[PDB]
Amino acid sequence: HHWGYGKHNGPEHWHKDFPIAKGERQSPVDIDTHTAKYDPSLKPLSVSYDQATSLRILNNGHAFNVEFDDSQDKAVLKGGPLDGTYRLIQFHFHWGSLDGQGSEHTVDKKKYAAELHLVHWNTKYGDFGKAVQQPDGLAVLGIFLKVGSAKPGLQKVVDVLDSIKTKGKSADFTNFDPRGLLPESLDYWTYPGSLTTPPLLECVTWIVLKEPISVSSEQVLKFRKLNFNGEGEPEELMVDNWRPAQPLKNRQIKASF
Ligand SMILES: NS(=O)(=O)c1ccc(N[C@@H]2O[C@H](CO)[C@@H](O)[C@H](O)[C@H]2O)cc1
Ligand SMILES: [Cl-]
Ligand SMILES: [Zn+2]
């Protein structure tokens, strides 16, 4: 009985194996744009993905991870609310069964069709494992996806999905440039949160971009053809792999604009 997104193992059940699910800084959260406050102490955000080195794409049974070689300071995130350098380790998405839902964070309760998460770890901690034992160990850059025009930079990801349809499957995925998934503006909202799936560790500084990227209906439809199940097992389409908004509690969301 592994955690998942179903009726008997979904988000409302996670707290049993992961008590922190009801913690003080859980993610995602609803971003109330009018309550968010511009923060002048925020420094310019720096997304340096020019030397990013992707290696493989994996269907882990909950989503698919595009993994990067993080053995060196190549693709890094710094500036903004961040103190130090955060290295890109992987990116993945959360999406719905319908265009009307899919994102984890919401904006004034509005749900987007999907949400991209670029995961980074604070290099001051050596590696991801040590980073998730720290209050400022991770930084996840979240980007909303809306359905409209296709996102050219996303197509290479979409076309490789047929080779990793089921849980456990992976495929070589080198030379993918994540810069092709970024919107024009880097305006963002930021707040202290957690991983949105078990272990739900509260070590994330969330940076959610205001401008969503547009992807085509065809592109997201292919996301929906993936499977939660392993090869040879009954088909469970990988859809609605998002956690709903959690209590904001003692937190303030800051705006960079
Ligand atoms: N949705 S998220 O960006 O908050 C998120 C949720 C779970 C993870 N899980 C961790 O992702 C790392 C990189 O894939 C793994 O190394 C590590 O074991 C695993 O717990 C990462 C980001
Ligand atoms: Cl189901
Ligand atoms: Zn995520």
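Scope of the values below: all heavy atoms of this structure, side chains included, with no hydrogens, waters or symmetry mates. As the structure lists them, so they are numbered: ligands from 1, and atoms in each ligand from 1. The residues of the chain are indexed from 1 along the displayed sequence.
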Exercise for the section: Can you list, by chain and residue number, the protein N, O or S atoms under 2.8 Å from the Zn ion (ligand 3)? Expected result: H92 NE2, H94 NE2, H117 ND1
For [atom], what is the closest protein heavy atom, and at what distance to 0.1 Å?
atom                    : result
atom 3 (O) of ligand 1  : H92 CE1, 3.2 Å
atom 20 (O) of ligand 1 : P199 CD, 4.0 Å
atom 14 (O) of ligand 1 : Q90 NE2, 2.9 Å

Handout entry: Rounded distance (nearest 0.5 Å) linking atom OH of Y5 with atom NE2 of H94
Key =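 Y5 atom OH to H94 atom NE2 measures 5.5 Å (nearest 0.5 Å).
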Completion exercise
dist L209:CG -> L45:CG (nearest 0.5 Å) comes out at 7.5 Å
Would you mind running through ligand 1 and noting each atom that sits below 4.0 Å from a heavy atom of [X]?
X    : answer
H94  : 1 (N)
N65  : 14 (O)
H117 : 1 (N), 2 (S), 3 (O)

Exercise for the section: Take the angle between the ring planes of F91 and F176 and call it parallel below 30°, perpendicular above 60°, tilted in between. Expected result: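 Because their plane-to-plane angle lies in the 30° to 60° range, the rings of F91 and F176 count as tilted.
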Practice task
Report the member of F91, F93, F128, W242 with the shortest heavy-atom distance to atom 19 (C) of ligand 1.
Solution key: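 The nearest heavy atom belongs to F128.
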Fill in the blank from the handout: Note: heavy atom closest to atom 21 (C) of ligand 1, options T196, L118, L195, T197, belongs to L195
Please output the side-chain donor-acceptor pairs of residues 56-64 that fall under 3.5 Å, not counting sequence neighbours, one pair per line with the distance.
unit_1, atom_1, unit_2, atom_2, d
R56, NE, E67, OE1, 2.8
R56, NH1, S170, OG, 3.4
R56, NH2, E67, OE1, 3.3
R56, NH2, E67, OE2, 2.8
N59, OD1, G61, N, 2.8
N59, ND2, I164, O, 3.0
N59, ND2, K165, O, 2.9
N59, ND2, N227, O, 3.2
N60, OD1, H62, N, 2.8
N60, OD1, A63, N, 2.9
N60, ND2, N65, OD1, 3.4
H62, ND1, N60, O, 3.2
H62, NE2, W3, O, 3.3

Handout entry: Close side-chain approach of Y188 and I207, heavy atoms under 4.5 Å
Key = yes
Problem - Close side-chain approach of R179 and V47, heavy atoms under 4.5 Å - result: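 No, their side chains stay 4.5 Å or more apart.
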Handout entry: Over 12 non-hydrogen atoms of neighbours within 6.0 angstrom of CG in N250
Key =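 No, because the 6.0 Å sphere around CG of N250 holds 12 heavy atoms or fewer from other groups.
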Exercise for the section: Validate the cation-pi geometry between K110 and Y112: distance from NZ or CZ to the six-membered ring centre under 6.0 Å, angle to the ring axis within 45°. Expected result: yes
Practice task
Would you name the heavy atoms of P40 and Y38 that are closest together and state the gap between them?
Solution key: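 Looks like CD-O, 3.6 Å.
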Handout entry: Taking every non-hydrogen atom, the tightest pair across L42 and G80
Key =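 Heavy atoms of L42 and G80 come nearest at CD2-C, 3.8 Å.
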Handout entry: Audit row: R224, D99, salt bridge (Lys or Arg N to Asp or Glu O under 4.0 Å) steps and yes/no
Key = CA-CA 11 Å; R224 299 174 185 145; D99 296 354; 2.8 Å; yes
Practice task
Give a yes/no on ligand 1: does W206 have at least one heavy atom closer than 4.0 angstrom to it?
Solution key: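 Yes; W206 lies near enough to ligand 1 that a heavy-atom distance drops under 4.0 Å.
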Problem - Whether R243 lies under 4.0 Å from ligand 1, heavy atom - result: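 Heavy atoms of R243 never come under 4.0 Å of ligand 1.
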Practice task
Have a look at ligand 1 and work out which part of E67, if any, has a heavy atom under 4.0 Å from it: side chain, backbone, both or neither.
Solution key: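 The answer is neither; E67 stays 4.0 Å or more away.
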